[PDB]
Structures are given as structure tokens and as C-alpha cells.
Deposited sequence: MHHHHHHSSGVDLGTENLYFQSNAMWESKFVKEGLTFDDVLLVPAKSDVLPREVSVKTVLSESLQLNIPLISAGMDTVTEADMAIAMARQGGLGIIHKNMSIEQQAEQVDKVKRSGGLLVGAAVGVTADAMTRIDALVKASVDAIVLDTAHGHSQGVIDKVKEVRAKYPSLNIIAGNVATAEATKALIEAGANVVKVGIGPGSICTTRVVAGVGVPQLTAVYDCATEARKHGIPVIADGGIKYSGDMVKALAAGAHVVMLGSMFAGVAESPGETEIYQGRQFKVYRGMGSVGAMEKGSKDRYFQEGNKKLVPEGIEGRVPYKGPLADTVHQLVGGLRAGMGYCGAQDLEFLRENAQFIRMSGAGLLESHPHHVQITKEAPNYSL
């Protein structure tokens, strides 16, 4: 019994800023690489980007623009059931685009899920703070029993054991991430978390055994961080802060120092729960149309995949190697000892 006491401090975790991708032999160029991904037979994305289901990130206009760029948007749940079904319905009829919707694990959940399926949603995201809870496992079984063909994205988890549990309950996709969010204070106020790159790797190690894809959710600050998440085993990444400043996102621009900002807050923050916190309320710079951000993101992915000799995302997922570095290595990776004159489209 003494084993659990002696294993308290054995595990080690890595995050994005701890590693770099090692360049390998390459026969492919960034322009000729493929960035398509399959989450299920009914759900395939042309770019591996999903906008997060938060009240400051994704509504009708964001989900529309995401799908038009080849990605996916998850309409948040901080609205009435009919309002969310009305948002899903807007995205589907506006050219047959893909759309998702967030649902919380509550007694009224199944009523909301039914209304979303009639709007022909492609996937429901049962997103909760702790996916390794029995309430979450049961809700996935109750939805899989009622809708055997519905794409179910279950999260959030950070361990292989939680990944195996949600897969066994009938979830097609597992969303990974406890604590990496830019607006998240879970690790500070509750002390609980797993470094995101290790969380993605540990969960992808289990999901591989079942043919299940995983979503790297939260913590991505630059386009290179997305490449690290995919190379660690993730099929797709979920972004919040990098999308909150975009024009097609809910909320209006506010002025700070002559510059435009958009509100970005955690769904566990005081403000978001009104209509103990595990998030903060803030603002991110205004970034303009989604196409300009998505173009820089995909372009960094194509560059990274060319460096790794990856013709497609599966090759990157199963062959790419990292190298660990210290804090001095992180300062070398960024621009240093030179006064930056202009703001770059991919570096702010």
C-alpha cells in the first residue's frame, strides 16, 4: 500500500515551451503538403483547427467563417436551448457547412441535445471541467444509447485512464486539456493539472489503441505550438485566445491606447457564470478577419511539416521527434537582443 505514497512525485510533464521539433529528411515542400484530417466517417476537416465554445469566441458568424476556411466552430452553450438551435441552423443552411455545439453535463442536458440534432448538428461537445467524473461517463452512455450515429466529443481529460474511460462510454473524440488555457486559473486555484504536451501525448497513446482521435484544447499561443500539439499525437487543436480577437467573433471592439481590443474571458470566470472561479476576464488585441489569422496558422503548419518531412498529418503524428530544451533554449527560440521595428503577421 506503500506504493501510492512513494510514487507521489515520480511523473514528469512537458509543455510547448519545453521542446522543439527536430528537422528530418524531407521530400515534400510546404506548398505541396496535405493538412486534411478525419475525426470520424461523418466528420472530416480540411484544416485541423476548431474554434472554442466560449461566449467570447464562437457564435453563428464565427462557426460560419470557420467552416468556410475548412475548419469547425463549436457554438457555446451560454444561451437558451432554442437560441443555440437557431445558431446551429443558421450555419447549416448557409451553404451546408459543418457546425458543432457545446452541451454541459446537467439534468437538462438531454433536452438541449435533442434540439441540436434536429438542427442537424454534426457533433456535440460534452465539455466539462473534469471529464474523468462518473457524471460525465454516464451522460456519454445516455447520449450514445439515444443517438448511435451522433459524433460525441468528450472532455476535458489529461490522462490515459480518463481517455480509456470516455472511449469505453461511446465518445468518438476525446478533448484533452486541464489547465493550459490562457484565461484559465484551474491549476492556480485548485492546484490540479497536467502539462499540455504530456497530457496530449499520454491521451493520444491510449486513443491510438482504439483508432480514436484526440483534440488538444488550450494553451496554444503561436502557430508553432499548434504543430507541436499535432506532432505529439493530436488530430486537431482547439483555439480560444488566438480566435477571440478576430472580427467574426461575438462582442464588440473596445479601445485601449488607440488600439482595438475584443473581450476574452474564461467560461469559469465570474462574468461568464452570471449569464469559486477557475478563470479570469480579459481582452486580446483585435486581429481583423478570420482568414488572415487562419492563413498564418496553416502556413506555419505547412512550414513545420516541411521541416519534418511530413506529407500528411499522420506521418507527422507517428514519426516526428522532439528535443527538450531549458529556459535558455526558449529565449534563443524567440527573437532576442534586437529591437523589433514592425509587428509580424504571425508574431506579436
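Absent C-alpha positions map to the deposited sequence ranges 1 to 21, 297 to 310, 384, in order along the chain.
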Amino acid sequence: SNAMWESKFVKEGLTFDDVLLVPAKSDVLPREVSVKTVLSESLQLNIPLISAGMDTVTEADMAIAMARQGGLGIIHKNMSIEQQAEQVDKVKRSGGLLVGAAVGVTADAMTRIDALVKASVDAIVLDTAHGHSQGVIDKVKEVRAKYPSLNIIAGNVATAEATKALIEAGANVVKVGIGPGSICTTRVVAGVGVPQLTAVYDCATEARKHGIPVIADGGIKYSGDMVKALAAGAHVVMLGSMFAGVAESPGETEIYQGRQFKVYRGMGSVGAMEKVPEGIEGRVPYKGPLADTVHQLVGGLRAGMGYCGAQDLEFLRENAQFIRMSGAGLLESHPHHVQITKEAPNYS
From here on, numbers count along this sequence of modelled residues.
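In this text, the rigid core denotes the largest set of C-alpha atoms whose superposition between the two forms falls within 1.5 Å.
The stretch that moves more in 8 other deposited structures of this protein, judged by CA deviation after a rigid core superposition and choosing between 196 to 204 and 128 to 136, is 128 to 136. Root-mean-square C-alpha deviation from the shown form, taken over all structures in 8 other deposited structures of this protein superposed by the rigid core, is larger for 176 to 184 than for the alternative among 176 to 184 and 84 to 92. Gaps at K275 occur in at least a third of the other compared entries of the protein that contain both adjacent residues.
When the mean C-alpha temperature factors of 134 to 142 and 263 to 271 are read from the deposited coordinates, 134 to 142 comes out higher.
Note on 48 to 56 vs 27 to 35: mean CA B-factor is higher in 27 to 35. Set against one another, the Cα B-factors of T293, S42, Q69, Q321 in the record reach their highest point at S42. Within the selection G218, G191, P195, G96, the deposited Cα B-factor values reach their highest point at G96. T205: CA B factor in the middle third of modelled residues in this chain (values from the PDB entry). Ranked by C-alpha B-factor against the other modelled residues of its chain, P250 falls in the middle third. Compared with the other modelled residues of the chain, the Cα B-factor recorded for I74 ranks in the middle third. Sorting the modelled residues of the chain by their CA temperature factor places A229 in the lowest third. Looking at the C-alpha B-factors along this chain, the one for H336 belongs to the middle third.
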